[PDB]
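So you can see what is in the structure, the chains are spelled out below.
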Amino acid sequence: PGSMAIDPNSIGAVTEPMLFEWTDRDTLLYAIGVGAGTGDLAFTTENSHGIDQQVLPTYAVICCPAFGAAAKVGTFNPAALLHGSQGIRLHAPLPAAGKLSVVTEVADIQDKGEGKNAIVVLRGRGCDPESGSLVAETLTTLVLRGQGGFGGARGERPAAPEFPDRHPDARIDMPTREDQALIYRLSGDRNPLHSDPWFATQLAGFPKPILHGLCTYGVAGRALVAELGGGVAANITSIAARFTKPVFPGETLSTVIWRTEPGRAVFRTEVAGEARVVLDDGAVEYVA
Amino acid sequence: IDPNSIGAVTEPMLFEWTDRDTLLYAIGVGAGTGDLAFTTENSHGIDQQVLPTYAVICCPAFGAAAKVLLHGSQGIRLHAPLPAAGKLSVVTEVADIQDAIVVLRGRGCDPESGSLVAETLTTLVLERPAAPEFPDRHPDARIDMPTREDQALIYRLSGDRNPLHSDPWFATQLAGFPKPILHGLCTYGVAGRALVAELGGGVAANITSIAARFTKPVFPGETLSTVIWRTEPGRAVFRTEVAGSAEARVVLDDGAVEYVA
Ligand SMILES: [Cl-]
Ligand SMILES: [Cl-]
Ligand SMILES: [Cl-]
């Protein structure tokens, strides 16, 4: 009776194309959502003198969400990212305003056994409707705590990235606002875990509402765009990370980065205390 | 500016909005985690309320310019609570051109019933009516509300993209300010919030009409201090000031409110 229904026969199941459309208001709102301000007007304005709007590449999680595919596997929440991971890959810049035809898919289902975890992997692909050309990909890895033993394949946990044994090449601090979740939720995730202290505590057990995991991911994304992409959105190709611990709005997010190989880096995001790691196993591909 | 245009009207326009819009507006005018009725829709035991100043967004008088704010004025009057999501049939009028001074009026009705929901009156500076009278005594209330340095970047997402408020280049090299300025309608909203708390009991519906004059500019990050006097039952007058660093700078003046208790 306490078991989660997980279809081990659903790997490969896919959703029909769904059109995601947005205007510049949305991409601007998202940018402010992940903490962009007066300091980077390319992300927070469209009509400033000598500055074309750029779109953060982590916006792929909103216009190309892999989420729809979860309904093929079971009825669990596709967006509960704790202990899970999120990856994005871009093949073109996302325009300030546009449309994508998004299809999703159950990429993988892993059964670690009764009283161990289920792992569900959802993959999103977004293409320009006219040309059919591939714009963005997303990968959402969900950990369903203790829900194994449903008749699935054991599988293989992917290799964690190698973190060089030295000091980080760069530490980018990004503050967050006490009210940040209230703006970030207007990019679509209205879950009251992030906005209602009643709910956050009475159902979820936290002293206060937690910041959206994807907001944290967007903040780390801004730090990576600055440090590795030269402040050029388009120069970040892929970003992946694992969500290890929750963040509270108002906490400062330190993204520690290591350049490993031309066009590649690894990272973590933490909150200075011993530091709490909140994003781990970060991996980035970028154009020099 | 043909002075022949008085009494001219635009054909009706449908203004439509969802909860995202009214929640965004409230955050635009500085509401936060301590104002869950205005900034959330699904918080336990709290129905979303819409700040009455949202009339300036859903009942815009500016349709009438084609037929023709600092230093200008804005008034609103509401006959019903604005709903979190909804729509209005809006019609705008050139109320008066003075000879440069242009007074535009908007009226928004419920499309199904044809019933009047909101009125707005927008005075643009390019008979001057009676200033309210302020009583010679210390205010009944002073309500201080901060703004964030990014306040204008949020507020502009309720429609007004004027680079005056967002682009440092435009503001300093063409418009004559030291840095971008906060939308006057934003300051008005912040004063709106002050009024709702002090005179409305936190119930935004309780504030029926607000009118004020924009006298000096505000910059994002400044604390706006609304000074309020209860005059006659169900009525009050106010100003909104930024505390000097010096004499306090008055940014909204001639403020008059009608509310219900
Ligand atoms: Cl910034
Ligand atoms: Cl939304
Ligand atoms: Cl807008």
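Residues numbered from 1 in each chain as written, not as in the entry; some residues may be left out. Chains lettered and ligands numbered in written order. Heavy atoms only, no water. Residues with missing side-chain atoms left out of burial classes, pairs and counts.

In terms of determination method and resolution, the entry is listed under X-ray crystallography at 2.30 Å.

1. Description of the overall build of chain A
What chain A contains, in helices and strands, is six helices and ten strands. Taking 2.2 N^0.38 as the reference for a compact globule, 288 residues should give roughly 19 Å; the C-alpha atoms of chain A span a radius of gyration of 19 Å, in line with that estimate. (Helix = DSSP H or I, 4+ residues; strand = E, 2+ residues; numbered from the N terminus. Rg over C-alpha atoms; globule rule 2.2 N^0.38 Å.)

2. Focus: the interface of chain A and chain B
With 29 residues of chain A at the contact, the number on the chain B side is 29 residues. Together, the buried faces of chain A and chain B total about 2800 Å²; carbon and sulfur atoms form 52% of this surface. We note a salt bridge from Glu46 of chain A to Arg161 of chain B, for which the minimum N-O separation is 2.9 Å. For the pair chain A and chain B, the interface holds 18 residue pairs in polar contact. Contributing elements (two or more residues each) for the side of chain A that touches chain B: α1 (24–33), α2 (41–44), α4 (180–184) and α5 (197–202) of chain A. Per-element tally for the side of chain A that touches chain B: the top contributor is α1 of chain A, with six residues. Among the residues making up the side of chain A that touches chain B, the classes are represented as ten nonpolar, nine polar and ten charged. (Contact = heavy atoms within 4.5 Å. Buried area = accessible area lost by both parts, 1.4 Å probe. Salt bridge = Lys/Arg side-chain N within 4 Å of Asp/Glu carboxyl O. Polar contact = N/O pair within 3.5 Å; in protein donor to acceptor, adjacent residues only side chain to side chain. Nonpolar A, V, L, I, M, F, W, Y, C, P; charged D, E, K, R; others polar.)

3. Quick notes on the sheet that holds strand β7 (residues 236–243) of chain A
Residue and element names in this part refer to chain A. If you walk across this open sheet you meet the ten strands as β1-β3-β4-β5-β2-β7-β10-β9-β8-β6, and the pairing is antiparallel. With partners counted over all chains shown, the strands left at the sheet margins are β1 (18–22) and β6 (170–174), one partner each. For this sheet, the mean angle separating the axes of adjacent strands, direction not counted, is 20°. Sheet topology places strand β2 (residues 85–90) next to β7; five bridges connect them, and they run antiparallel. (Pairing = 2+ DSSP bridges. Axes fitted to C-alpha atoms, helices over the stretch in contact; angles between N-to-C directions.)

4. Observations concerning the domain arrangement of chain A
It is common to report an interface's size as the accessible area lost on association of the parts. Residues and elements named next belong to chain A. The domain boundaries assigned to chain A delineate domain 1 (1–159) and domain 2 (160–288). For domain 1 versus domain 2, the separation of C-alpha centres amounts to 16 Å. Listed per partner, the contact involves 31 residues of domain 1 and 32 residues of domain 2. Both faces combined, the contact of domain 1 with domain 2 buries some 2500 Å², and carbon together with sulfur accounts for 61% of it. Of the charged contacts in the structure, one is a salt bridge between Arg89 and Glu285, with a shortest N-O distance of 2.8 Å. (Domains from an automatic or database assignment.)

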